[PDB]
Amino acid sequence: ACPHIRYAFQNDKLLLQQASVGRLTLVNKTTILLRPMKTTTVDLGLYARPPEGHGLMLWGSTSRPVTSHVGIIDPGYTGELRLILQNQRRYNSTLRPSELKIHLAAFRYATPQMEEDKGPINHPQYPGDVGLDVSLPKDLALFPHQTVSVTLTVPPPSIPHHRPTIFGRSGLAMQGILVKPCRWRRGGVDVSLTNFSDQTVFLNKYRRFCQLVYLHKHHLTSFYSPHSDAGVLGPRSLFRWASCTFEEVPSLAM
């Protein structure tokens, strides 16, 4: 099934750790400073085109007090990929070399056919959209250092062999607001938001605050192994990415 993920990579602050087991991992070569309750952004000098019928997912994993956004990359994006990190601590902290792994992998997804929004669920913009955006059904405030859940009870459209999952949007993650990715199961979901910044953040009713992605079910496993990662989704299912090889395509860098 998974043909080739075509990718370019140039960054002398980062190292390619391996393009095996269907997932590309980079690792930091130098210390990265993380200012407290501020957004730290790592430009990767990484570019990538997912093979047909697949999307790319981008994420950091670390053993330090730092949370990273999980990014769903539009299958048509051709720009430099960024990792967006958020700082737990209230003082300067650092990620030493290799304390930060950065992962890029693909997954099969489907797009429901919808002419209209179904409640908070915004219909797709064209047949292949990776994620449908989902709107806040009520004005929200988040005090600094607060988590808030929003409940969605609308039943998502249904697609055989696919598993509706919620991820955050990078715009909000740029603002210090992160969504905990998780399964949107049959009777509704509670989406977790955390204000990592130092200011109250007001979010307006109807604002798009996360996105719905239909992962194929082969990407959900109950097994920890080298082909899975428990850091992406909520306890219960781990994300297992497609098996793809990477094919280096220098000319994609821009």
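Quick note: we count residues from 1 along the sequence shown, nothing fancier.
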At least a third of the other entries leave residue 19 unmodelled: yes
Out of the other entries of this protein with residues modelled on both sides, is residue 153 skipped in at least a third? no
So 177 to 185 or 118 to 126, which one's hotter by mean CA B-factor in the entry? 118 to 126
Using the B-factors recorded in the PDB entry, average over the C-alpha atoms of 210 to 218 and of 224 to 232, then report which stretch comes out higher. 224 to 232
Residue with maximal Cα B-factor (values as given in the PDB entry) among 54, 205, 35, 69: 35
Highest CA B factor of 154, 85, 166, 150, as deposited, is found at 154
Going by what the PDB entry lists, where does residue 77 fall on CA B-factor within its chain: lowest, middle or highest third? highest
Going by the entry, which third of its chain does the Cα temperature factor of residue 30 land in? middle
Could you tell me which third, lowest, middle or highest, the C-alpha B-factor of residue 107 occupies within its chain? lowest
Going by the entry, which third of its chain does the Cα temperature factor of residue 192 land in? lowest
Compared with the other modelled residues in the chain, in which third is the CA B-factor of residue 92? highest
